[PDB]
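Peer 1: Pasting a structure below so you can have a look.
Each answer follows from the model by the rule given with it, or from the source it names; none is laboratory data. Every residue, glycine as well, gets a Cβ built from its backbone with ideal geometry; the counts of neighbours run over all protein chains shown.
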Amino acid sequence: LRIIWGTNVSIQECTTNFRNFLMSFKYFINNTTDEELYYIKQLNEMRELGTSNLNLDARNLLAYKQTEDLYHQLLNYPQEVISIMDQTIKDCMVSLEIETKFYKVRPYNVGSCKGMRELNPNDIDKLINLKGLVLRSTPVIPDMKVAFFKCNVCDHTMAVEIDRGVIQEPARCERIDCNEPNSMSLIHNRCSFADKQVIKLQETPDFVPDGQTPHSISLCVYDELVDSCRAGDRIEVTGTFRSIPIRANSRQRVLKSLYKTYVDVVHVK
Amino acid sequence: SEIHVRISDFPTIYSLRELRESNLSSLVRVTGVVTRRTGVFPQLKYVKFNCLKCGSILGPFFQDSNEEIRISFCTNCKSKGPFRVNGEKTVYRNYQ
Amino acid sequence: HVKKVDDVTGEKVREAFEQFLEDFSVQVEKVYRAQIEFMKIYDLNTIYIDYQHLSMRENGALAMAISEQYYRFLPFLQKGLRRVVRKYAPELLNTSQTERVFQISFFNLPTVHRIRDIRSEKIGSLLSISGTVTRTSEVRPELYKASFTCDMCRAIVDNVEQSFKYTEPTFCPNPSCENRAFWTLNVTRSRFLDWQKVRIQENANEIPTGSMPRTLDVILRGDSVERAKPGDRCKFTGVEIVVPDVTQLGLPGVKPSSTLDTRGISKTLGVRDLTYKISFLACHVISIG
Ligand SMILES: [Zn+2]
Ligand SMILES: [Zn+2]
Ligand SMILES: [Zn+2]
């Protein structure tokens, strides 16, 4: 039972726990679709249609005796649980291009909760759902993943991968012949970028404590979910709860102790 | 790391009293007697400098045997600040 | 003397574009070669090529590659043009003594993209967009190839490529001087281009349900300046570029950052922000409807 530090998760435990459920699921009940092997139709039809996203309802799992544990673990450590859940799919798919295509899950039935303003700081890095009306969205913003460096004395080109936001700029040329200090230049248009958009949502909770005026929330949608929401739309959103420190002003590298809050969206209804 | 050339024969042989200012910066061959000698002192050959703001070792620089060499720019921190020779990482030459 | 590394595929695409220039026939003549002579009779600087001609040669290849990696291949296509002019028009290479700046213009692409469909995986490629023009600025000179003087020694370094920013030389050419940071600019003997900025807006019929129009900044160079009036519907063909943006400091999310690697440096701090916004640089402007 290896436990990942800071969590209660065992990767092998959860992968094996998940593949049995994915290969066998149960449930005014029919005999045509309510008593058949459910999810292998969902996977087969997915691969047949040429599709990449599996949409995974949540309360499915709070009944089946094994994966009950996994429901609590998914509502507490979304980062580590969703990487376990993908390797199950691309293993399960060949078990049934499929050696170079990436799979994703999208939980959309997380419940309970009572609004953004009732959440405490102990709910950071947790999965929550929101309902509301969209007002604004900024145009697409390019986000850098792989950078491009050129040696200005030898024309040797290097590529670097972003690691948790930080880019490591080489100090010495890598060529065994041209070994110079500080010869690396950055060419912006040769780099690889990705999509980012910011939405502003007017939250419409169910419980409104005495004297709450309406407020607005910020949501970050990446890659596929771009231009998927338009102003005036009433939507339901699943995502993670984050916090970030902001810089006091542009000139100084100083930060502010009070944090800023937002939501990383995973599913949209 | 380096091979030295020494010319063996050479026609014109001078005495010390014949030399004049027309002989400056030229190849000569002379005779004489050795009257004094000094000890062996080291001379700078491949010099490494320290940047006293970012603590970096700047790479090999060559000494020409004419005038002392001094640097002015740190490539990592971009400064013209104080700079001092690293005695431990330097390579020296024999002098007498 | 260090050996410069070469892009093999760059050489192959240069050779292919040279064959394209020198061996195209339409019902019969060599159209581009005719235009070449046409530019000596009136002293012009721009070459207009048709994209449908690029595709047909070598079915499924030259055109696919140039469109998808234009930012890389543009200098090589410029060099090929220079070699063709050297052959069949050597007098045109000199301004009526400096060299004459050459500009290439593609048009008549298969598809026209909407402003609200631009993504970041098309950065540095060739595309055509539509919009409505609202604001134009006056024509101003732009620094293209500059001359610098050393401050330790006084040597002259000429023809430094700027590439969208104020670049300075990174090494004195004299094998003796070791200057790499201290330079001064001779504004008298530097070469400039003409520069204008245009603002565009989304067309009325292309706006989604419940949303407001979007905008984009368009950069024009050379002979393309002063072709767009306010209140026009135009189509632009050009390259999708990125420019620094300090307004993003405050938006939620992780904002990429840069730092220097201290693993490998012998010892006994320069963080820069990677925030950009999408802009557009145009080579062909046409007013339709
Ligand atoms: Zn190099
Ligand atoms: Zn330093
Ligand atoms: Zn110099």
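Peer 1: What are the residues in the range C:104-121 that are surrounded by 17 or more Cβ atoms within 10 Å (Cβ to Cβ) and either out of contact with any helix residue (DSSP H, G or I) (no Cβ under 8 Å at 6 or more places or on another chain) or among the polar types (S, T, N, Q) (or both), if any?
Peer 2: C:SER105, C:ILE118, C:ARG119, C:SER120
Peer 1: Suppose we filter the range C:31-40 for residues that are closer than 20 Å to C:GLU99 by Cβ and either in contact with a helix residue (DSSP H, G or I) (Cβ under 7 Å, 6 or more places away or on another chain) or loosely packed, with under 10 Cβ neighbours inside 10 Å (or both); how many remain?
Peer 2: 3
Peer 1: I need a count of the residues in the range C:127-154 that are assigned to a loop (DSSP other than H, G, I, E, B) and not acidic (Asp, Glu). Steps first, please.
Peer 2: Looking only at the range C:127-154, we keep the residues that are assigned to a loop (DSSP other than H, G, I, E, B), and these are C:137-139, C:151-154.
Adding the requirement that they be not acidic (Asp, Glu) leaves C:137, C:139, C:152-154.
Going through the range C:127-154 one residue at a time, the tally reaches 5.
Peer 1: Further, regarding this structure: Somewhere in the range A:141-152, is a residue closer than 30 Å to A:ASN179 by Cβ, in a loop (DSSP other than H, G, I, E, B) and within 14 Å of chain C (Cβ to nearest Cβ)?
Peer 2: So the first thing to find is which residues in the range A:141-152 are closer than 30 Å to A:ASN179 by Cβ, and the list is A:144-152.
Checking which are in a loop (DSSP other than H, G, I, E, B) leaves us with A:152.
Now drop any that are not within 14 Å of chain C (Cβ to nearest Cβ), which leaves A:152.
Yes: one or more hits.
Peer 1: What's the number of the only condition in (1) among the charged types (D, E, K, R); (2) in a strand (DSSP E or B); (3) in contact with a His (Cβ under 6 Å, 6 or more places away or on another chain) that A:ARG175 fails to meet?
Peer 2: (2)
Peer 1: Something else: Give the residues of the range A:136-164 that are over 19 Å from the mean Cα position of the chain (by Cα), among the basic types (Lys, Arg) and farther than 22 Å from C:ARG119 by Cβ, sorted by residue number.
Peer 2: A:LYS150
Peer 1: A further question follows. Would a scan of the range C:133-149 turn up a residue that is in the same structural domain as C:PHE280 (by CATH), among the aliphatic types (A, V, I, L, M) and touching a helix residue (DSSP H, G or I) at 6+ places or on another chain (Cβ under 8 Å)?
Peer 2: no
Peer 1: Among residues belonging to the range A:165-197 that are within 26 Å of the chain's Cα centre (by Cα) and more than 7 Å from chain C (Cβ to nearest Cβ), point out the one that is farthest from ligand 3 (Cβ to nearest atom).
Peer 2: Checked the range A:165-197; the qualifying residue farthest from ligand 3 (Cβ to nearest atom) is A:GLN197.
Peer 1: Could I ask something else about it? Given the residues B:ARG37, B:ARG93, B:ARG17, which is the only one that is away from chain C (no Cβ under 14 Å), farther than 23 Å from A:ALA171 by Cβ and assigned to a strand (DSSP E or B)?
Peer 2: B:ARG93
Peer 1: Which of the residues that make up the range B:43-60 are more than 8 Å from every other protein chain (Cβ to nearest Cβ), crowded, with 17+ Cβ neighbours inside 10 Å and within 16 Å of ligand 2 (Cβ to nearest atom)?
Peer 2: Result: B:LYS48, B:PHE49, B:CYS51, B:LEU58.
Peer 1: Restricting attention to strands (runs of 3 or more DSSP E) lying wholly within the range C:192-289, give those where 3 or more residues are under 23 Å from the mean Cα position of the chain (by Cα).
Peer 2: Ranges flagged: C:215-221, C:232-244, C:276-287.
Peer 1: Do you know which of the residues in the range C:155-184 that are part of a strand (DSSP E or B) and β-branched (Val, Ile, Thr) is surrounded by the most Cβ atoms within 10 Å (Cβ to Cβ)? Steps first, please.
Peer 2: First pass over the range C:155-184, keeping only residues part of a strand (DSSP E or B): C:156-161, C:183-184.
Restricting the remaining residues to those that are β-branched (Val, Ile, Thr) gives C:156-157, C:160, C:184.
Numbers: C:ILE156: 11, C:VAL157: 16, C:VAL160: 19, C:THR184: 10.
Of everything passing the filter in the range C:155-184, C:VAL160 is surrounded by the most Cβ atoms within 10 Å (Cβ to Cβ).
Peer 1: Is at least one residue of the range A:113-131 under 30 Å from A:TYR71 (Cα atoms), assigned to a loop (DSSP other than H, G, I, E, B), out of contact with any strand residue (DSSP E or B) (no Cβ under 9 Å at 6 or more places or on another chain) and away from ligand 2 (no atom under 16 Å from the Cβ)?
Peer 2: The answer is yes, given that some residue of the range A:113-131 is under 30 Å from A:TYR71 (Cα atoms), assigned to a loop (DSSP other than H, G, I, E, B), out of contact with any strand residue (DSSP E or B) (no Cβ under 9 Å at 6 or more places or on another chain) and away from ligand 2 (no atom under 16 Å from the Cβ).
Peer 1: Just to be sure before I move on: is A:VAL146 outside the structural domain of A:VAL81 (by CATH) and closer than 30 Å to A:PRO107 by Cβ in the structure I sent?
Peer 2: Answer is yes for this residue.
Peer 1: Looking only at the range A:1-56, count every residue that is small (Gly, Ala, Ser) and assigned to a helix (DSSP H, G or I) and tell me the total.
Peer 2: Selection size over the range A:1-56: 0.
Peer 1: Does any residue of the range A:220-232 turn out to be more than 30 Å from A:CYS151 (Cβ to Cβ) and in contact with a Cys (Cβ under 8 Å, 6 or more places away or on another chain)?
Peer 2: There is at least one residue in the range A:220-232 that is more than 30 Å from A:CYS151 (Cβ to Cβ) and in contact with a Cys (Cβ under 8 Å, 6 or more places away or on another chain).
Peer 1: Under 6 Å between Cβ atoms, at least 6 apart or on separate chains: pull out the pairs that start in the range B:75-95 with a residue that is within 9 Å of ligand 2 (Cβ to nearest atom) and end on any residue that is among the small types (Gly, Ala, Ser).
Peer 2: Correct list of pairs: B:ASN76/B:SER56.
Peer 1: Any residue at all in the range A:28-35 that's surrounded by 12 or more Cβ atoms within 10 Å (Cβ to Cβ) and among the β-branched types (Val, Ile, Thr)?
Peer 2: Checked against the condition, which is being surrounded by 12 or more Cβ atoms within 10 Å (Cβ to Cβ) and among the β-branched types (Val, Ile, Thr), the range A:28-35 yields no hits at all.
Peer 1: While we're on this one: All but one of (1) farther than 30 Å from B:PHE73 by Cβ; (2) within 16 Å of ligand 1 (Cβ to nearest atom) hold for A:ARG164, so report the exception by its number.
Peer 2: Exception for A:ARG164: condition (2).
Peer 1: Could you tell me which of the residues C:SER190, C:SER147, C:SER211 is surrounded by 14 or more Cβ atoms within 10 Å (Cβ to Cβ), among the hydroxyl-bearing types (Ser, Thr, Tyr) and touching an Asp or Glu at 6+ places or on another chain (Cβ under 7 Å)? Outline the logic, then answer.
Peer 2: Working: C:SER190 fails: touching an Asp or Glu at 6+ places or on another chain (Cβ under 7 Å); C:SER211 fails: touching an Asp or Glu at 6+ places or on another chain (Cβ under 7 Å).
Selected residue: C:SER147, the only one of C:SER190, C:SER147, C:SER211 that is surrounded by 14 or more Cβ atoms within 10 Å (Cβ to Cβ), among the hydroxyl-bearing types (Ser, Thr, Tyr) and touching an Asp or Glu at 6+ places or on another chain (Cβ under 7 Å).
Peer 1: Also: Looking only at residues in the range B:23-41 that are among the hydrophobic types (A, V, I, L, M, F, W, C) and surrounded by 10 or more Cβ atoms within 10 Å (Cβ to Cβ), which one is farthest from B:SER8 (Cα to Cα)? Reasoning before the result, please.
Peer 2: Filtering the range B:23-41 for residues among the hydrophobic types (A, V, I, L, M, F, W, C) gives B:24, B:27-28, B:30, B:33-34, B:40-41.
Filter again for surrounded by 10 or more Cβ atoms within 10 Å (Cβ to Cβ), leaving B:28, B:30, B:41.
Working: B:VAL28: 12, B:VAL30: 13, B:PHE41: 26 Å.
Checked the range B:23-41; the qualifying residue farthest from B:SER8 (Cα to Cα) is B:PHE41.
Peer 1: Looking only at the range A:218-239, filter to residues that are in a strand (DSSP E or B) and facing chain C (nearest Cβ under 10 Å); which one of those is farthest from A:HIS267 (Cα to Cα)?
Peer 2: By that ranking, first place goes to A:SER218.
Peer 1: State which residue is farthest from the other protein chains (Cβ to nearest Cβ) when the search covers only the range B:62-79 and only residues that are surrounded by 12 or more Cβ atoms within 10 Å (Cβ to Cβ) and within 16 Å of ligand 3 (Cβ to nearest atom).
Peer 2: Among them, the one singled out is B:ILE69.
Peer 1: Of everything in the range C:230-255, what is within 8 Å of another protein chain (Cβ to nearest Cβ) and surrounded by fewer than 17 Cβ atoms within 10 Å (Cβ to Cβ)? Give them in sequence order.
Peer 2: Those that are within 8 Å of another protein chain (Cβ to nearest Cβ) and surrounded by fewer than 17 Cβ atoms within 10 Å (Cβ to Cβ): C:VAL246, C:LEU249, C:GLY250, C:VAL254.
Peer 1: State all residues of the range C:198-208 that are surrounded by 15 or more Cβ atoms within 10 Å (Cβ to Cβ) and away from chain A (no Cβ under 14 Å); if no residue qualifies, say none.
Peer 2: Of everything in the range C:198-208, those that are surrounded by 15 or more Cβ atoms within 10 Å (Cβ to Cβ) and away from chain A (no Cβ under 14 Å) turn out to be C:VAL198, C:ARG199, C:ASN203.
Peer 1: Suppose we filter the range C:44-80 for residues that are at positive phi and β-branched (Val, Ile, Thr); how many remain? Spell out the reasoning first.
Peer 2: The first filter runs over the range C:44-80 and keeps only residues at positive phi, leaving C:58, C:60.
Now drop any that are not β-branched (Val, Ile, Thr), which leaves none.
So the count comes out to 0.
The rows are residues; the columns are (1) surrounded by fewer than 17 Cβ atoms within 10 Å (Cβ to Cβ); (2) within 16 Å of ligand 2 (Cβ to nearest atom).
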{"position": "A:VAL166", "(1), (2)": "yes, no"}
{"position": "A:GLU174", "(1), (2)": "yes, no"}
{"position": "A:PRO181", "(1), (2)": "yes, yes"}
{"position": "A:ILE187", "(1), (2)": "yes, no"}
{"position": "A:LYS196", "(1), (2)": "no, no"}
{"position": "A:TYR222", "(1), (2)": "yes, no"}
{"position": "A:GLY232", "(1), (2)": "yes, no"}
{"position": "A:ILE244", "(1), (2)": "yes, no"}
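Peer 1: Same structure, new question: Identify the residue in the range A:61-77 that is in a loop (DSSP other than H, G, I, E, B) and more than 16 Å from the chain's Cα centre (by Cα) and, among all such residues, is nearest to A:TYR38 (Cα to Cα).
Peer 2: Restricting to residues being in a loop (DSSP other than H, G, I, E, B) and more than 16 Å from the chain's Cα centre (by Cα), the top hit is A:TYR64.
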